[PDB]
Each structure stands twice: as structure tokens, then as C-alpha cells.
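Here's the letter readout for the chains.
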Amino acid sequence: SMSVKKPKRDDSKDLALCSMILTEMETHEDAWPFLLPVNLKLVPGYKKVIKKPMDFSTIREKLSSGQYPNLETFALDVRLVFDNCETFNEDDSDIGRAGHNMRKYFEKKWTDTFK
């Protein structure tokens, strides 16, 4: 409350650490369904069904241009990529599996880096 603050967590390395995580996600072999925006002209159903499309290249651009106010907003877009994947793809598909694997990978780097 007013004039009463918890001690100040050092957030000065967050930008760089999120960038490193994203790099590791970009270079994982199962990243291929997630590198670029889904083509909304060529994938029937995507536009109508998926309200908030997200992919790694779009996250990379938001990061580089100061569009994430804090590390939580960045984690929300990453998660959104996998939540979208789950919404549109059967668990027992190459893309469905890729999604589950990438999410597991992300959540571990996230915990090890920040918790």
C-alpha cells in the first residue's frame, strides 16, 4: 500500500534471460509448427476458431520492440502458443505431440531461470 513496499526484486536481467529462453525454444527440433504465424488463408478453420493467434517469430518481434511490460506477459504469449496448439490439433498427431513437448521444455527453463 502507499509508502509500504515489499523488497525490490532485481528485474534488470529479465529482458536478456527471456531472449535466451526464446532462442532455445527457436532452435529445438520440435519448434517447426511454431516458428511462423499459421497461414490463415490456407488453413481452414484457424481464423474463426483461434481468437488470438501467436507464434515464436511474433513473440520475438514483441520482445525486441519493448512490447512486453514484464516477464509474466511474455510467459502468457508463450503459453498461448501451446494452448492454441491444443485447441486445434489432436494429442496423437505430430503437431499435437510437438506442442506438449515444447510446453514441457518451456516450463522447465522458466522455473530453473526465475523460481
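So, here's what we can say about the structure. (Residues numbered from 1 in each chain as written, not as in the entry; some residues may be left out. Heavy atoms only, no water. Residues with missing side-chain atoms left out of burial classes, pairs and counts.)

### Some points on the packing of helix α1 (residues 14-27) against helix α5 (residues 94-114)
At a minimum axis distance of 11 Å, the contact between α1 and α5 shows a crossing angle of 155 degrees. When the interaxial angle is binned, α1 and α5 end up roughly antiparallel. The element α1 and its partner α5 pack so that their crossing is right-handed. Of α5, the residues touching α1 (which contributes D14, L17, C18, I21, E24 and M25) are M102, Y105, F106, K109, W110, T113 and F114. Of the residues contributing to the contact of α1 with α5, the split by class is 9 nonpolar, 1 polar and 3 charged. (Axes fitted to C-alpha atoms, helices over the stretch in contact; angles between N-to-C directions. Helix = DSSP H or I, 4+ residues; strand = E, 2+ residues; numbered from the N terminus. Parallel < 35°, antiparallel > 145°, perpendicular 65-115°, else oblique. Left-handed = near helix turned anticlockwise from the far one by under 90°. Contact = heavy atoms within 4.5 Å. Nonpolar A, V, L, I, M, F, W, Y, C, P; charged D, E, K, R; others polar.)

### Some words on the pattern of salt bridges
Counted under the stated rule, the structure contains 9 salt bridges. Salt-bridge contacts for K109 lead to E24; the nearest nitrogen and oxygen are separated by 3.2 Å. Placement of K109 in helix α5 and of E24 in helix α1 is noted, with a sequence separation of 85 residues between them. Here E107 and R79 are joined by a salt bridge, their closest N and O atoms 2.8 Å apart. On the criterion of sequence distance, the pair formed by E107 in helix α5 and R79 in helix α4 (residues 71-88) is long-range, its members being 28 residues apart. Of the residues examined, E107 reaches a relative accessible area of 25% and is grouped as partly exposed. Members of the salt-bridge network, linked through shared partners, are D83, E86 and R103. (Salt bridge = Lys/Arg side-chain N within 4 Å of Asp/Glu carboxyl O. Buried < 20%, exposed > 50% of the residue type's maximum accessible area, 1.4 Å probe, protein only.)

### As for α5
Here α5 spans 30 Å end to end across 21 residues, near enough to the 30 Å set by a 1.5 Å rise per residue. Looking at α5, one finds that the buried residues are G96, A98, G99, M102, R103, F106 and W110. Along the long axis of α5, the arc covered by the buried residues comes to 150 degrees, so they all point the same way. In α5, the exposed positions angled more than 90 degrees off the buried face are occupied by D94, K104, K108 and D112. In this fold, the buried residues of α5 make contact with α1, α3 (56-64) and α4. (Expected span 1.5 Å × (residues − 1). Arc of directions from axis to C-beta.)

### So, the side chain of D55
Among the secondary structure elements, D55 is positioned in the loop between α2 (46-49) and α3. Buried and unpaired, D55 has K62 as its nearest opposite-charge partner, separated by 9.7 Å. At a separation of 2.5 Å, a polar atom in the side chain of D55 contacts the side chain of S57. Leaving out residues up to four positions away in the same chain, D55 has contacts with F34, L35, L36, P37 and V81. (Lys, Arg positive; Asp, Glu negative; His and termini not counted. Polar contact = N/O pair within 3.5 Å; in protein donor to acceptor, adjacent residues only side chain to side chain.)

### Regarding the side chain of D30
Positionally, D30 belongs in the loop between α1 and α2. No salt bridge is formed by the buried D30, whose closest oppositely charged neighbour, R97, lies at an N-O distance of 8.5 Å. Among the polar contacts listed, one links the side chain of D30 to the side chain of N101, at a separation of 2.9 Å. When residues no more than four places from it in sequence are discounted, the contact partners of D30 are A98, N101 and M102.

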